[PDB]
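Note that the sequence shown covers residues 27 to 118, 121 to 255, 261 to 412, 416 to 813 in the deposited numbering. Have a look at the structure below before the remarks.
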Amino acid sequence: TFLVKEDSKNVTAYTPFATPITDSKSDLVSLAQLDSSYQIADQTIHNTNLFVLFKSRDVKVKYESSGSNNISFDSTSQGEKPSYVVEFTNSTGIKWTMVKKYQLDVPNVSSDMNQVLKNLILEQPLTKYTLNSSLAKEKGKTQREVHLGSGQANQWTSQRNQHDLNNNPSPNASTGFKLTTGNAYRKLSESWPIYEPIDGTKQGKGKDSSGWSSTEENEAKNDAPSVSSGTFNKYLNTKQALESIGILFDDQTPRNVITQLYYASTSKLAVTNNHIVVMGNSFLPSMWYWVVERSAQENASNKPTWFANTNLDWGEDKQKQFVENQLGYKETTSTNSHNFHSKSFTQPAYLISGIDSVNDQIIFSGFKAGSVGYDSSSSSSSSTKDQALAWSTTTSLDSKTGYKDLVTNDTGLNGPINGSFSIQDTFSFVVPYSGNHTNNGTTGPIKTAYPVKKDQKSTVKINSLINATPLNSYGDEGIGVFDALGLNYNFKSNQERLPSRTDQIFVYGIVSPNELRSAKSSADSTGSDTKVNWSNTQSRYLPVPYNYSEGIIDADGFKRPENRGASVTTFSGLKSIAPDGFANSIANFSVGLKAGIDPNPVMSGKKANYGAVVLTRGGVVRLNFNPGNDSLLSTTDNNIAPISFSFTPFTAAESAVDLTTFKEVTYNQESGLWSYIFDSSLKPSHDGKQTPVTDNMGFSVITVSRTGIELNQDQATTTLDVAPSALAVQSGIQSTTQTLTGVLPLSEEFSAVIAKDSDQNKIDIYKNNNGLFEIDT
Numbered sequence: 027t028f029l030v031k032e033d034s035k036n037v038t039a040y041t042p043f044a045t046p047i048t049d050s051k052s053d054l055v056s057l058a059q060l061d062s063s064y065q066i067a068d069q070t071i072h073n074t075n076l077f078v079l080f081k082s083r084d085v086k087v088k089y090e091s092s093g094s095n096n097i098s099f100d101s102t103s104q105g106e107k108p109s110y111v112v113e114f115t116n117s118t121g122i123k124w125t126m127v128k129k130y131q132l133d134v135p136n137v138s139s140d141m142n143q144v145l146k147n148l149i150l151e152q153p154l155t156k157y158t159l160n161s162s163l164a165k166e167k168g169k170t171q172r173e174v175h176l177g178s179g180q181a182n183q184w185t186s187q188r189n190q191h192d193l194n195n196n197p198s199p200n201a202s203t204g205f206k207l208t209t210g211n212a213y214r215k216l217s218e219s220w221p222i223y224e225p226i227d228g229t230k231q232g233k234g235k236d237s238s239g240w241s242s243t244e245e246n247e248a249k250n251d252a253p254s255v261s262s263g264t265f266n267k268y269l270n271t272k273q274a275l276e277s278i279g280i281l282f283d284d285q286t287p288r289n290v291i292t293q294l295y296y297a298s299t300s301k302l303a304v305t306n307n308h309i310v311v312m313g314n315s316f317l318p319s320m321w322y323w324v325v326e327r328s329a330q331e332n333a334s335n336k337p338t339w340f341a342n343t344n345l346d347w348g349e350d351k352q353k354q355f356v357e358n359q360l361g362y363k364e365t366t367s368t369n370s371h372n373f374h375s376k377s378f379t380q381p382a383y384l385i386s387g388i389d390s391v392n393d394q395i396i397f398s399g400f401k402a403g404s405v406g407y408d409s410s411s412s416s417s418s419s420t421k422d423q424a425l426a427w428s429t430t431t432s433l434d435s436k437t438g439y440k441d442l443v444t445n446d447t448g449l450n451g452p453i454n455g456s457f458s459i460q461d462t463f464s465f466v467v468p469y470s471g472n473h474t475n476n477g478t479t480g481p482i483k484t485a486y487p488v489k490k491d492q493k494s495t496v497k498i499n500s501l502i503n504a505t506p507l508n509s510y511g512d513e514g515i516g517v518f519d520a521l522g523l524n525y526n527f528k529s530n531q532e533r534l535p536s537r538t539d540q541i542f543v544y545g546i547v548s549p550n551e552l553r554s555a556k557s558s559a560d561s562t563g564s565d566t567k568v569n570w571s572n573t574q575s576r577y578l579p580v581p582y583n584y585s586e587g588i589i590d591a592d593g594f595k596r597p598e599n600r601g602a603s604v605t606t607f608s609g610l611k612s613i614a615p616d617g618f619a620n621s622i623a624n625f626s627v628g629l630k631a632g633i634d635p636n637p638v639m640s641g642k643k644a645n646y647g648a649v650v651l652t653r654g655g656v657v658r659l660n661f662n663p664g665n666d667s668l669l670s671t672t673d674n675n676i677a678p679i680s681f682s683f684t685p686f687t688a689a690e691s692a693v694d695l696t697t698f699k700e701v702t703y704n705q706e707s708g709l710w711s712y713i714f715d716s717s718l719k720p721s722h723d724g725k726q727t728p729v730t731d732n733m734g735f736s737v738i739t740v741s742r743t744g745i746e747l748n749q750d751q752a753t754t755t756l757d758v759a760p761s762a763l764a765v766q767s768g769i770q771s772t773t774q775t776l777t778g779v780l781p782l783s784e785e786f787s788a789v790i791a792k793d794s795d796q797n798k799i800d801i802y803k804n805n806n807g808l809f810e811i812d813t
């Protein structure tokens with residue numbers, strides 16, 4: 027029998043004949059002995075029992091920079107509503125009864141962690157209505173402007189050696205983006221605004237919470253009023274959009290960053306034979322995750338593990354350093370120059386695609402949320421004051437071809453180097469040279485350095501920030517756009533896309549029960565921050581489709597003259613033509629990670645195959661694993677890109693689907709097919725211009741199938757050299773009128789759709805032809 031979620035707290039069971047079981051509508055929130063403010067966040071089936079995640083709309087969390095126990099629930103005003111994971115069972121018809129109830133307590137904080145948190149600042153979440161221009165921030169100081177000062181041009185050649193930028197050919201390379209304007213950056217105790225600038229290069233107060241609350245917020249309220262009578266020339270009102278992505282409010286005002294971080298961090302559920310795993314959502318970053326031992330006592334506090342303590346394998350040692358060297362500045366010749374890199378932490382947040390389990394293994398994926406240092410000096417003063425220190429790390433044109441050599445390239449490892457370079461009859465934004473290489477021949481090794489002057493080394497305060505997108509540098513320049521859309525190509529006979537290693541990074545992997553026990557120990561460590569190691573992980577540069585932006589039509593080394601023009605080179609300039617329910621065409625999104633075991637037989641004496649699929653902006657990604665080792669699939673040749681990742685573009689039908697309305701991902705074990713359910717009723721009621729939405733009705737379903745030569749099929753396929761892929765195709769189940777309840781996969785050859793057009797229910801039976809549906813009236 028199949029289970030259907032009637033609403034935010036009720037669950038109704040159906041027989042395989044698409045008929046509802048009488049007296050089966052159960053209120054699990056009531057059953058779990060939880061109050062009205064709670065609703066079911068995620069459901070999964072393990073060991074035949076239903077595991078349910080619950081989260082309260084009434085949760086309140088505080089961050090107190092002083093003290094030992096910094097992150098805590100606000101007991102005082104009935105905000106001590108932690109999230110719960112409950113095991114339910116059938117005691118027979122359908123009669124649910126609670127087995128175990130686990131509570132997810134806030135994270136513990138060390139002395140070292142709290143020194144980052146004290147001055148940690150966070151970007152306002154990205155919305156359905158957020159533009160390329162809202163995201164855009166004013167360009168920072170030039171490399172020669174930081175280390176040398178103003179009017180120090182054509183003196184670079186003689187002075188670059190002292191500042192340890194020996195032979196560096198890019199004085200004009202940007203050092204980051206200014207934080208005095210653009211999208212709001214807030215402390216964990218501070219709250220985010222309902223307003224978003226239309227142009228971040230001009231409108232906005234960035235990290236200046238004080239300057240916003242005193243003067244700018246009032247201009248914002250006047251321009252972009254809630255419900261319209263408003264002008265909407267400088268600002269967008271996204272209260273409705275914010276609310277639709279899980280933002281909690283005190284009427285009009287959103288709750289502080291820490292509360293939003295908690296509520297969104299308890300979004301997805303995975304269950305193994307000994308552990309329960311809880312991760313965040315795709316909308317806003319997750320700085321932690323929960324590993325709950327299923328053997329935990331009735332009233333015990335289950336604490337999360339920080340991502341800043343979970344050391345991942347980025348594929349290569351160099352790939353990890355790239356991410357870390359940009360997290361902040363080291364040495365701390367100041368005293369309060371605390372950031373993540375200095376306090377010896379790793380990547381602190383991820384925008385989680387999802388989490389699932391196969392053969393007691395946990396599978397995760399997501400994009401790495403951008404994180405960089407920033408200056409907070411407050412005065416003469418430092419040249420980098422009120423600015424983020426981020427840069428492009430895209431592989432140089434002169435680099436060796438072959439995946440391993442492209443990703444290990446020392447281009448932009450310690451400091452910035454990319455810009456704009458004229459090559460023959462075209463151009464590039466990536467530095468043409470690395471090592472001893474120059475146009476004349478060999479000139480001595482090229483050096484890079486963190487954008488901090490060595491004279492101002494002591495009188496500088498480099499603290500930490502976290503972005504709401506997979507973009508590290510938002511500085512309004514050429515290279516920013518090519519790194520975001522994947523428009524950097526080499527010029528050698530065999531073309532190759534030069535990857536970035538900090539911007540639009542997709543991280544994925546498989547976690548063992550012992551790797552999860554390690555994670556649990558780190559959450560329970562008191563005193564020192566205990567470090568975790570996840571071995572079977574990988575990273576891949578996954579950018580947004582270039583054709584989602586107006587003005588770009590191909591991806592080649594040769595670039596047309598019109599493509600050096602400002603209108604299609606900077607963020608504010610760039611215009612979106614993306615149909616996937618996002619106003620921006622620059623930041624990538626991922627959702628619906630679901631793994632499944634292949635029904636097709638494998639060679640005798642070999643373990644059954646299993647993979648995972650996930651949806652990203654522009655296509656479907658497939659994660660390939662070796663079942664004999666329960667590791668990521670790999671191959672002998674390093675020149676070929678990790679065979680554990682595959683990407684297949686979408687067509688106009690799949691691109692048309694609003695990725696922000698993802699409801700549920702299912703997998704049919706007998707078919708080997710994934711059903712991606714999108715409910716249009718998950719749309720916000722009003723635009724950024726407060727105009728009522730008129731397309732929040734209906735649904736859509738996408739089928740995902742395995743393609744390619746699969747492992748251990750025969751004697752030849754015992755090893756692979758090509759990554760097996762996936763295919764996303766609009767199933768044929770869709771509506772613009774009906775409001776979906778759920779989809780019953782009645783059989784391999786049949787499916788049932790439960791919906792309401794005018795309150796009364798309707799059961800639609802569709803004919804299934806290996807993933808392709810046509811209605812049976």
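No residue lacks a Cβ here, since even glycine has one placed at the ideal position from N, Cα and C.
Assumed close pair residue 515, residue 454 - CB separation to whole angstroms, cut-off 8 Å: 5 Å
Distance between beta carbons of residue 441 and residue 468, contact taken as under 8 Å: Actually they do not touch by this definition, with Cβ atoms about 16 Å apart.
Residue of 35, 547, 483 minimising C-alpha distance to residue 472: 483
Close-in-space but distant-in-sequence residues of the same chain around residue 683 (CB under 6 Å, 5 per side omitted): 655, 657
Cα-Cα separation, residue 631 to residue 340: 23 Å
Beta-carbon proximity list for residue 573, same chain, < 6 Å, skipping 5 on both sides: 345, 346, 545
Start and end residues, beta strand (DSSP E) containing residue 80: 75-82
Chain-order list of residues whose beta-carbon lies under 7 Å from that of residue 538 (same chain, five-residue window excluded): 355, 356, 359, 429, 508
Same chain only: Cβ atoms within 8 Å of residue 797, ignoring 5 sequence neighbours per side: 777, 790, 791
For residue 112 and residue 77, the rounded distance between their alpha carbons: 6 Å
Assigned exposure category for residue 424 - 16 Cβ within 10 Å defines buried: buried
Straight-line gap, residue 35 to residue 376 (C-alpha atoms, nearest Å): 43 Å
Any beta strand (DSSP E) of 3 or more consecutive residues that is wholly inside the segment 735-771: 735-743, 761-771
8 Å contact criterion, which residue 63 and residue 82 should meet: CB distance rounded: 4 Å
Start-end ranges of the beta strand (DSSP E) lying completely within the segment 522-554, minimum 3 residues: 541-547
Counted within 10 angstroms of its Cβ, other Cβ atoms place residue 71 as buried (16 or more) or exposed: exposed
Proximity winner among 750, 578, 659, 689, relative to residue 616 (alpha-carbon distances): 689
For residue 666, the nearest candidate out of 246, 751, 393 (CA to CA): 393
Selection from 334, 117, 29, 270 that minimises the alpha carbon distance to residue 722: 270
Segment contact flag, the segment 328-343 with the segment 126-144, C-beta cutoff 8 Å, min 3 pairs: yes
Proximity below 8 Å, CB of residue 591 to CB of residue 522: yes
Between the CA atoms of residue 651 and residue 157 - distance to the nearest angstrom: 20 Å
Chain-order list of residues whose beta-carbon lies under 6 Å from that of residue 138 (same chain, five-residue window excluded): 565
Cβ neighbour criterion (16 or more within 10 Å) applied to residue 320: buried
Segments assigned alpha helix (DSSP H), at least 4 residues, entirely inside the segment 285-334: 290-298
Collapsed DSSP secondary structure at residue 406 in the structure displayed: strand
Residue 785 burial status per 10 Å Cβ neighbour count (16 or more: buried): exposed
Nearest-angstrom Cα separation, counted from residue 93 out to residue 694: 45 Å
Residue range of the beta strand (DSSP E) that includes residue 499: 498-502
Euclidean distance between Cα positions of residue 47 and residue 121: 7 Å
Straight-line gap, residue 747 to residue 325 (C-alpha atoms, nearest Å): 33 Å
Contact check, residue 781 vs residue 704, beta carbons under 8 Å: yes
Residues bridged to residue 214 [DSSP beta-bridge criterion]: 150
Cβ pair residue 783, residue 739 closer than 8 Å: no
Sub-8 Å separation of residue 736 and residue 766 beta-carbons: yes
Sequence-distant residues of its chain with Cβ nearer than 7 Å to residue 105 (five each side left out): 84, 85, 86, 99
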